[PDB]
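K.L.:
Structure for this input, please:
(one chain, ligands or ions: 1)
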Amino acid sequence: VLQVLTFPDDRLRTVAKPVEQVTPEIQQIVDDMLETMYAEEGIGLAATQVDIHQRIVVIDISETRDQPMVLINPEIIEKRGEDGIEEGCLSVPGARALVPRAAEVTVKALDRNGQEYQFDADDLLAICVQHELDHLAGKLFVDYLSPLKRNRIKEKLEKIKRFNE
Ligand SMILES: [Zn+2]
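P.N.:
Numbers count the residues shown, from 1 in each chain. Take a look:
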């Protein structure tokens, strides 16, 4: 029954806790998060973004939208090089900006079945991994921008929700 939190919500700054065991409940969070992500046409989503404060990320960067990746307790064990591309975020609707990142990452994680696995990534996946793990640390891509640009984005989003609740 998930919707995405939007900047400047303080719940987006919560540091996620490790998942302890991959239970059917965790599997259900995973499934729901993938449905949300596809419906919002995203290529990644962190649990923190739907107010679930546990280290779960889902990603699909494929143009055919059928190559899902599930990352439970992901950890970047090595970063190499520098790169960056234009990023957006379902939690920052309407904003896009170049973010400096590592070019390559080595990532360890559990899959949807609790199997630990390790992989290297570059290009869009490396970027999306970094972006999504930032969320689990309470960081948003607008944190890499200038204050004036970030403040404008914040003010525009606050306006949108000013009559809520
Ligand atoms: Zn994001």
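K.L.:
Grab the most central residue of the chain for me.
P.N.:
Closest to where the C-alpha atoms of the chain average out (C-alpha atoms, centre = their mean) is residue 132, at 2.7 Å.
K.L.:
Could I get the phi/psi values of it?
P.N.:
Note on residue 132: backbone dihedrals following degrees, to the nearest 10 are phi -70, psi -40.
K.L.:
need the contact list for it.
P.N.:
Contact analysis of residue 132 by C-beta atoms under 8 Å, 6 or more residues apart in numbering lists 44, 45, 46, 57, 59, 71, 74. Bear in mind the C-beta positions are built from the backbone N, C-alpha and C, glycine included.
K.L.:
can you pick the most crowded of the residues you listed?
P.N.:
Within the contacts of residue 132, most neighbours by other C-beta atoms under 10 Å means residue 46, with 30 neighbours.
K.L.:
what's the neighbour count on the closest residue to residue 81 other than its chain neighbours?
P.N.:
Spatial nearest neighbour of residue 81, chain neighbours left out: residue 103 (3.1 Å); criterion: C-beta to C-beta, 6 or more residues apart in numbering. A total of 15 residues lie near residue 103 under the criterion other C-beta under 10 Å.
K.L.:
what are the pairing partners of the longest strand that the chain contains, and which direction each?
P.N.:
Assignment by DSSP state E gives strand 69-80 as the longest strand of the chain. Using DSSP bridges, the strands paired with strand 69-80 are strand 56-59 (antiparallel), strand 104-110 (antiparallel).
K.L.:
what about dumping the CA coordinates of that strand to CSV?
P.N.:
The C-alpha trace of strand 69-80 is given here as CSV (Å, rounded to 0.1, in the frame of the first residue of the first chain):
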residue,chain,number,x,y,z
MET,A,69,17.7,-6.8,-9.4
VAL,A,70,17.0,-7.1,-5.6
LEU,A,71,19.7,-5.9,-3.2
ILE,A,72,19.1,-6.7,0.6
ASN,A,73,21.8,-5.3,2.9
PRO,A,74,23.8,-4.1,0.0
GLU,A,75,27.3,-2.9,0.7
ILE,A,76,29.8,-1.2,-1.7
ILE,A,77,32.9,-3.0,-0.9
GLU,A,78,35.1,-1.1,-3.4
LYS,A,79,34.7,2.0,-5.6
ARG,A,80,36.9,2.9,-8.5
